[PDB]
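Each value in this text was obtained by applying a stated rule to the coordinates, not by laboratory testing. Neighbour counts run over all protein chains shown; Cβ positions are idealised from the backbone, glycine included.
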Amino acid sequence: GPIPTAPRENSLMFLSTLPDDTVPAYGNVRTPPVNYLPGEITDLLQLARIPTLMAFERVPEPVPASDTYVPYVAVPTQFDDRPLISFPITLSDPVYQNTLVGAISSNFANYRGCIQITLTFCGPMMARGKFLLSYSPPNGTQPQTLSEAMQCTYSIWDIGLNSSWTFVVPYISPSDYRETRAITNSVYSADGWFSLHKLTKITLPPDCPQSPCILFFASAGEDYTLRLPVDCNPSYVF
Amino acid sequence: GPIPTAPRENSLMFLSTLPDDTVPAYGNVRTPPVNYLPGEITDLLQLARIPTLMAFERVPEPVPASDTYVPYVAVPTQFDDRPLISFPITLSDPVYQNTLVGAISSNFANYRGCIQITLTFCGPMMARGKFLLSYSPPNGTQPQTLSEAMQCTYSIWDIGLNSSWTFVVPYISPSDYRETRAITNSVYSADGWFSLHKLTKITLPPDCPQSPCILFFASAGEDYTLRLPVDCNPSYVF
Amino acid sequence: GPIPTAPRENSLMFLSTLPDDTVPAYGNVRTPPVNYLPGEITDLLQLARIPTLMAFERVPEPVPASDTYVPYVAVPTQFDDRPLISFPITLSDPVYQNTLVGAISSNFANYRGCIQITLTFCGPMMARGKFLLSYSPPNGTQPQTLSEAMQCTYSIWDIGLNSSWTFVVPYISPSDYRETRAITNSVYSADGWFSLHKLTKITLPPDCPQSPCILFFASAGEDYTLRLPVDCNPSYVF
Amino acid sequence: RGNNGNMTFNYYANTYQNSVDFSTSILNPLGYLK
Amino acid sequence: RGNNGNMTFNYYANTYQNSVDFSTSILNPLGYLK
Amino acid sequence: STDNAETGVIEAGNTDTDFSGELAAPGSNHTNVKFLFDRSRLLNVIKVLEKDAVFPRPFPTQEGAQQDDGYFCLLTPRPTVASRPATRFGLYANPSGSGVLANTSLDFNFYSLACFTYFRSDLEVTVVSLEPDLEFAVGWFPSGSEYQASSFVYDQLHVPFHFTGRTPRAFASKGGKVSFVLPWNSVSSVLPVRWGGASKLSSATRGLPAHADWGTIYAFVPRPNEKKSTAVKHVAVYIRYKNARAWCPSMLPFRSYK
């Protein structure tokens, strides 16, 4: 006689995430070889720690050309005591539109860990300035002038023979994992703004042009781990 | 060929108490750690042997304030030969409304074992009295005066430098388990009344106030074990 | 992939005699102990070999009291040459209405083996008689007078200081098992009549009463085995 | 015994199958005449 | 423990059954009076 | 005896504390908290989606809004209004008038045992249709995330996106029932049954732990949008807790008098 069985409530259903495999309808086939072409991917995080150029809203001179959005900073000559660039950390903000960690975070739900941003100078070698960059966890208002960005967490930076300064936003948190986008902009999903100030004036000889430029990158650090995917945003196709 | 099988009468049903688990629809995830915060619960009986203040009907002076119900005893000065507090043992009576063993018994069906009640004096140190507390298994009528409560099972009690007297109602029974509430108030569900009498008068010097007070607790002893849950009473939500 | 299976014709049915068990809907419970009370039953045959008083139709003097049926024998003084009690062996006859082996046979279908009947005298000690008891397998007619019951299988019996005589009807049979009731009164279900005769007169002194009495018992022997139950007769409840 | 075919195995452990008792710490006849 | 009859085997490995933790690298009472 | 209870800690006392007699055997162990909760329990019922869904708004909402309410079920034991985490629990006793009645929920019998302050488990989702001869489909997305709602046409038929995606789906049989267990996914550490706190740093309602939850289940039929019936239908949802833990005990709901 057959072995007695009892079918449980889960009959004939198929789960999308169901960790099992199905009988093939045609098998015992071979394939072309693989090994000749290099460059495998085991984890996309080997992918995720590549530099990526951020994207910002253009200063109030809208050029009527297509998509007036700018991957650099135009430092002004004039003395004012407000920062150059200030942007939050919510990984769906319109400053994080096409950064890699923003991009492959945009279809996942939760991450943990640090976020490197670095910045590459571009200007004439006879020009030189001092720039500090500063970060503050969420206060009530936003820290605006130099005392507020002074007390918190910063690094000053020279212009010399090199051209960059690797910076890493530290990872302070109530809970170990954090979200990727804020349905309600709470303390669990934002972590305070980031800014950089000019500390002393850009200094440069005569007959060389004004207003230098600085590019921004954004990359995953070491501890940056992802989890638990979600369905995607098809809005790129429309 | 496949292994022959025979489905039995139990097809596709799901039992609520059914001791088995189901295939997950999404797995291989991690979690935040646990170990930092102390105070685990393995059994609720570690919970159940905490003191809890009982609740009684107020003596005939209804104060119009909300819920005139009283967690103490107002001993009178006058000589009368009826007890101070007399209450049964049925774990749904309006004296057992918010005691712990009453509370986590109110959703279970059967228990076994002892029931500690203790009582904490509160009065001026220059006052002193002698109080006995007595317990009787179910007689025909209720034992009322001091000979009846005298013969059965009691303890007298002093007032001194301490302030309490741990008492344990013994566990005499026809059957080893007992019920928790009486749908028909039978011998299996009640166990006779409990009372305490004043034996000699409270004695106290001049210019210190009359009528002292005594608080009552109620806790599970050692052998107090529970079994076999039941659906709850949602009447707290209305 | 799952293991391939093939459900046979027996799907979702439940057999009444089906030797298997079912998943519990609530488990891991305890119970009161057992061991204190004695008198177990492993087999009902330990039950079945207890004496039991038979029941007969009353001799033609119907007392109008309820159920004029008699568990003894009224021996007459008069000389006639027909037996005292003659009854067949079919275990549903109105002489086997409330004997034990009749009673727990009345819901089974087939037995095998012997059937003890014994008889207990009751009379004055100064009275004494000689009684033989006789058994014959199925002849054409019924053996009536003393030559016929003489040739077959018998035992004579004294009256002395004891009061009984254990008799065992032997077990002669075509087939080893036999039925319990006869839907058609065939050779497989009956085994000939049983009778007892008075051999010499009851002898007794003056001024002591006439017509003594004898009780009948009926019990299973050693080899009496039962098999294969059947649905019962609910006619006791109407 | 009873009537079973379960000479190989049962699925659940026996403490889930049927209740067992507490801890208080060739057949026989039914009562002799001493 | 809980309530199971799974004294033989489970189908999936336990890392697919329920989440396990990270790496930060006879019963007891509930708080003494020292 | 003769100890005093004012030290805060008293032990238990058997019969031989002051009387003559010996202590009784332990009966059972239906007490351990990772066995007590493991019971299949429904929390509520659900109106079934059949179209491009839209989900309700933040906290104030003026009239003229277009959302489809009572189609989601933010499955927690915590009190919930309109499928978003509230802090109190309603019971609409006099429902006559205009303005739509919100979808309330709470896990009734969980609190009547609950003497805890923090909780930890995994759960399972059991669904059952109440209307006869029905076939449906259940969907899910994790906590700290949000439902995707649009439609893309295929061969003149408008078909929404929640047929597909990353997060798992499940298609039932002919009047069958779907069940699967579901693990932790929360950003915080342990589930609170009490909370202080607020959602953001300032100007927030004090008390609702918005991201210490589980997720939500929605039901929908496998049909294109333009072939939708006029009769609405219903379906219930069931939860059984698993592998639970507990910490730092507390009180019980207050019983009536009344």
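If I ask for residues that are of a type outside the set (A, V, I, L, M), within 17 Å of the chain's Cα centre (by Cα) and part of a loop (DSSP other than H, G, I, E, B), which ones from region B:167-187 would you list? Once the filter is applied, which keeps residues that are of a type outside the set (A, V, I, L, M), within 17 Å of the chain's Cα centre (by Cα) and part of a loop (DSSP other than H, G, I, E, B), region B:167-187 yields B:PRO170, B:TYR171, B:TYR177, B:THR180, B:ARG181. What residue, among those in region B:77-115 that are aromatic (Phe, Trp, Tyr) and closer than 16 Å to B:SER189 by Cβ, is surrounded by the fewest Cβ atoms within 10 Å (Cβ to Cβ)? In this case the residue turns out to be B:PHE87. Of the candidates C:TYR171, C:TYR154, C:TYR177, C:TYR188, the single residue that is under 22 Å from C:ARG82 (Cα atoms) and aromatic (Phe, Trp, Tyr) is C:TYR154. Which one is farthest from the other protein chains (Cβ to nearest Cβ), of the residues in region F:108-133 that are part of a loop (DSSP other than H, G, I, E, B) and either among the aromatic types (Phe, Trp, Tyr) or surrounded by fewer than 17 Cβ atoms within 10 Å (Cβ to Cβ) (or both)? Selected residue: F:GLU131.
Given the conditions (1) within 20 Å of the chain's Cα centre (by Cα); (2) more than 25 Å from F:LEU113 (Cα to Cα), and given that B:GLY221 satisfies all but one, which numbered condition is not satisfied? Only one criterion is unmet by B:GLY221, namely (2). Each residue in region F:134-146 was checked for being crowded, with 20+ Cβ neighbours inside 10 Å and not in a strand (DSSP E or B), and 4 pass. The condition (being more than 8 Å from chain A (Cβ to nearest Cβ) and either assigned to a strand (DSSP E or B) or farther than 27 Å from B:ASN35 by Cα (or both)) is satisfied by just one residue among F:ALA198, F:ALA231: F:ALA231.
The rows are residues; the columns are (1) more than 10 Å from chain F (Cβ to nearest Cβ); (2) touching a helix residue (DSSP H, G or I) at 6+ places or on another chain (Cβ under 8 Å); (3) charged (D, E, K, R).
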{"residue": "B:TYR69", "(1), (2), (3)": "no, no, no"}
{"residue": "B:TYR72", "(1), (2), (3)": "yes, no, no"}
{"residue": "B:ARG112", "(1), (2), (3)": "no, no, yes"}
{"residue": "B:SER134", "(1), (2), (3)": "yes, yes, no"}
{"residue": "B:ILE156", "(1), (2), (3)": "yes, no, no"}
{"residue": "B:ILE159", "(1), (2), (3)": "yes, no, no"}
{"residue": "B:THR166", "(1), (2), (3)": "no, yes, no"}
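Residues satisfying the criterion are present in region C:127-137 (criterion: assigned to a loop (DSSP other than H, G, I, E, B), of a type in the set (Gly, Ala, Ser) and closer than 30 Å to C:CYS208 by Cα). Residues that are surrounded by fewer than 21 Cβ atoms within 10 Å (Cβ to Cβ) and under 21 Å from F:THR17 (Cα atoms) within region B:219-238 comprise B:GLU222, B:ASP223, listed in sequence order.
Restricted to region A:1-50, and to residues there that are more than 27 Å from F:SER173 (Cα to Cα) and basic (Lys, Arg), the residue that is farthest from the chain's Cα centre (by Cα) is A:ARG30.
Among the residues of region A:192-227, those identified as part of a loop (DSSP other than H, G, I, E, B) and closer than 30 Å to A:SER173 by Cβ are A:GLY192, A:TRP193, A:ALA218, A:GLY221, A:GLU222, A:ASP223, A:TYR224.
As a summary of the residue check, A:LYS198 satisfies the conditions (1) touching a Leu at 6+ places or on another chain (Cβ under 8 Å); (2) surrounded by 19 or more Cβ atoms within 10 Å (Cβ to Cβ) except for the one numbered (2). Only a single item in (1) closer than 30 Å to C:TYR26 by Cα; (2) within 23 Å of the chain's Cα centre (by Cα) is not met by F:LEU23, and it is number (2).
For region D:4-28, filtering for residues that are within 7 Å of another protein chain (Cβ to nearest Cβ), under 25 Å from C:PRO19 (Cα atoms), hydroxyl-bearing (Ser, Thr, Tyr) and not in a helix (DSSP H, G or I) leaves 3. Restricted to region C:18-35, and to residues that are facing another protein chain (nearest Cβ under 7 Å) and loosely packed, with under 11 Cβ neighbours inside 10 Å, which residue is farthest from B:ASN110 (Cα to Cα)? Only one residue fits best here, namely C:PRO19. Out of B:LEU53, B:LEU84, B:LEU91, one residue alone is hydrophobic (A, V, I, L, M, F, W, C), touching a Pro at 6+ places or on another chain (Cβ under 6 Å) and more than 9 Å from chain F (Cβ to nearest Cβ). It is B:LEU53. Does region C:56-76 include one or more residues that are small (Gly, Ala, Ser) and crowded, with 17+ Cβ neighbours inside 10 Å? Looking through region C:56-76, none of the residues is small (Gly, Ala, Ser) and crowded, with 17+ Cβ neighbours inside 10 Å.
Listed conditions (1) more than 9 Å from every other protein chain (Cβ to nearest Cβ); (2) of a type in the set (S, T, N, Q); (3) closer than 21 Å to F:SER186 by Cα are all met by F:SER98, apart from (3). Residues in region F:42-54: is at least one among the charged types (D, E, K, R) and out of contact with any strand residue (DSSP E or B) (no Cβ under 8 Å at 6 or more places or on another chain)? No, that holds for no residue.
Residue-wise test of (1) more than 22 Å from F:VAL190 (Cβ to Cβ); (2) out of contact with any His (no Cβ under 9 Å at 6 or more places or on another chain).
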{"site": "A:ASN162", "(1), (2)": "yes, yes"}
{"site": "A:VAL168", "(1), (2)": "yes, yes"}
{"site": "A:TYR171", "(1), (2)": "no, yes"}
{"site": "A:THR184", "(1), (2)": "no, no"}
{"site": "A:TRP193", "(1), (2)": "yes, yes"}
{"site": "A:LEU196", "(1), (2)": "yes, yes"}
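Within region B:139-166, being outside any strand (DSSP E or B), surrounded by 14 or more Cβ atoms within 10 Å (Cβ to Cβ) and touching an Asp or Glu at 6+ places or on another chain (Cβ under 8 Å) holds for B:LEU146, B:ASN162, B:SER163, B:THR166.
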